[PDB]
Structures are given as C-alpha cells and as structure tokens.
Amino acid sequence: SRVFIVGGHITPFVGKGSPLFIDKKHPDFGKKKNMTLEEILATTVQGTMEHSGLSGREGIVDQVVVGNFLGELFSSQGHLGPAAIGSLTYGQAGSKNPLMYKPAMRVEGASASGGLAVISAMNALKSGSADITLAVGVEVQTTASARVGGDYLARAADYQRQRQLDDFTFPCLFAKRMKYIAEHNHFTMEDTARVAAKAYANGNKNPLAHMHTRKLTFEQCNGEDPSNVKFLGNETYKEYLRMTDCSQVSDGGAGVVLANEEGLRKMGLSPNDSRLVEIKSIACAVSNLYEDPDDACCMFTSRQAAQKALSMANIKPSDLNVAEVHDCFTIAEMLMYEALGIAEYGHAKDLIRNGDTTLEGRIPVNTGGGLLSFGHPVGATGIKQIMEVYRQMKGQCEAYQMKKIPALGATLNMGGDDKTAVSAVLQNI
C-alpha cells in the first residue's frame, strides 16, 4: 500500500565536454574505452544494491524494471530485462545469481521511460506481486554523431509527421514553442538564458554532472559568445534556440529501490526510519502523439500529471520545498514551472527573474544541474529526478545541498513534446 524509497544510485553522466569521457584528446584515447550499455547497466544495478543495503540479500528483490529509450538503435540491444538479471554478476562467468528467474522487463515512453519504470514498479508493490522492487534507467547515446542522434531521438516525435522539420527534430519542436511564446510575450530568450546560467552554476557544484567543469555566464548563455551557435537548419525556427539552451547527449544510469511496508519489515526497517522518503503519490498522463494543442505556452499533459499527483497527495504547489523538472531545453524548464503550478500561467518569468528557483531560493529546482548540465541519459532521467529529491531530503548533496532540508518535493518527467508525463510527490521522513 504505502511506498518508500530505501536507497539508490546515480552514475556520473558522461559525454563530450566531460573529462571522464574518452575522445581523441583524452590521455587514454586508444588505451581505454567508454562504458558500453551493458557496462553502465552493470554499474547501475550494482551501485543501486550497494547503496540500498541489499548486498548479500539481493534475492529479496521481487522484480526489476528497466527504463530505456534507444538501446536498440545506439547499442543494437533490446531485451534489457535479462540484461538486468545478468548485471549483478556481470563479467563473473558462472557465478551464482540470486536474481535468476525473477520478473523483469523494459519500459519505454521516450524521455519519460525512467518515470514509467517507477510507476510500473509501484503498481507491482501495490498489487500483491512485489514487496521490494528495483527500478533502473540507463542510456548510451555517444555512439553516433549529433545529426544521427537527432534522427534517433525523433522516435519520441510523430516521426512521419515531424522528422521533416529538421534533423534535430526535438530541438526544432521546442524552438517552435519558443517562437509562439515570444509572439505572446510569455517569456523571453533572456529568461531562458537565465535558466541556463542557473543550471551550469548548479552543475559546477556537482561532480556527477556532465558539464561540471564548464563555466558559463548569463551573458554567454544569452548569446554573447560566438561558439553559442543557433544551429538549427529550419529557417522558420532557427533564431529561437541556442546551443546552451539544449540538454546534453549523455551516457549514464540511475536506480532506486522501492519497498512497501512489508518490504521494509523484511529489511528490518520501520516506516519512520529517517533514512527513508515516502512516495506519497505518482501519476501519469499521456496525450495524442498525432495532434498538437494550439497553445505552445502550456504543457497541458505535464500539467495534468502534476495536478493528479498533487491532488492525490492532498498538497498544493506552494507546499513544495524542492522540485526536479524536465529541462530538456531551457524553454521547457520555464514551461515546467507553470505545469507544476509553482508559477501561474505567464509567470514563470517572475520566478527566474527573482531567483526563486535557485539554490538559495524559496523553491529550488534542479539543484544539481538538470538535464542541461547534470546531463540527459534518456532512460536514467526519470529515476535521477526521484533520487535528486531523495538526496536533498537526506542531506547528501554536498556542495549543492540545500541549507533548509526539504519536507516536500515533486518530480515532473516528460517524454516527447509533452506527450507523456509522470509526476511524483515525495515526503521526507
């Protein structure tokens, strides 16, 4: 019935611009390779068990759900259920494996895949099938060029209808929102530069962040840097999107262990244990892939998911102390403030202008960098969000730790152009 976060793990998120990423320019180029999807999933499953107190007793996990979007394209690998079952002892041939024969599957809803894993794992916990579940999200996207990656990520779009917009289909869909947003004075490209400045400043305090080592001023984020190019091909939307407005092409993983009251009891924990966080509610809303709303200024689907979650938890947005939102673009972060309801329609700009969502603000958002600086390994992201609220609640975030420990948090995870949304309310214990 009730559901608890017992622990979890986030890998460093890596790609171009991280010193952890091996390219023709890294001391180990030709000597060592970046992790494969299998290696990331192994590290993520192992790390999750290690930081959840399950070492030696991994057999008490009832089910495993993997969130992943594009493994079949980037890594030529689907069927990650049995890859997850083999991840606890990966590379140790013939070893005993307590996860053998357990239920496992992959779920997918574009960049909401990790959020969907969490809900699926929660349904299992409330259904009689499971008392302890492991939800892991992983992605490897660095194995193709930027343009090829665009085409792959267009699988999140209505591909027949939208791939034609630009090779960078998904960035073009958000540039298209921005043109409409600017035409209705909803917010500006100066506002979106401010989101980016905050994300990179936050990421500079987060050693796991893809962009940890990159420092960017507001001025650079606002286009006073010749390398911050307007890179789209589509001439209708090109002027509305800069490089710094975009989430990173990252590899990484995140996992969480979730338990109901009987799972806690099996682990020797009581529901009042101060290492725990309760998932007070979770909700999913999905719209029509084939049709878009006219009002680009409103993410109606994300707004539905958040309102369902907040209502199920019996709280209002003003009760929230921290959030993680889906900043796949700076443009999206701004819309997410309004979808979540921490700003009224047309007032996200007030928040970003007054610093309310910065680390020292009254409602910090994406405290570790978001998709923009922390990075965006698609499948991992939904779970990374849950774990970031958890980490702030437990005082674990070091240089980006909030000074006032948050009592209530929310997540809002999105797939595609606001076509899938998953939202959770977390309560600190």
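Numbers follow the displayed sequence, beginning with 1.
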Can you tell me which stretch has the higher mean Cα B-factor, 85-93 or 276-284? 85-93
Decide which of the stretches 317-325 and 226-234 has the higher mean C-alpha B-factor, going by the entry. 226-234
From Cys298, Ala306, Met122, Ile132, the top C-alpha temperature factor is at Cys298
Highest Cα temperature factor in the entry, among the options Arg163, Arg106, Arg147, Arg177: which one is it? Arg147
Among modelled residues of the same chain, the CA temperature factor third for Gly17: highest
Of the three thirds of its chain by CA temperature factor, lowest, middle or highest, which one includes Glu333? middle
Considering every modelled residue of the chain and its Cα B-factor in the PDB entry, is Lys25 in the lowest, middle or highest third? highest
Third of the chain's Cα B-factor distribution that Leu54 belongs to, per the entry: middle
Taking the values exactly as deposited, rank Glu139 by C-alpha B-factor within its chain and report the matching third: lowest, middle or highest. lowest
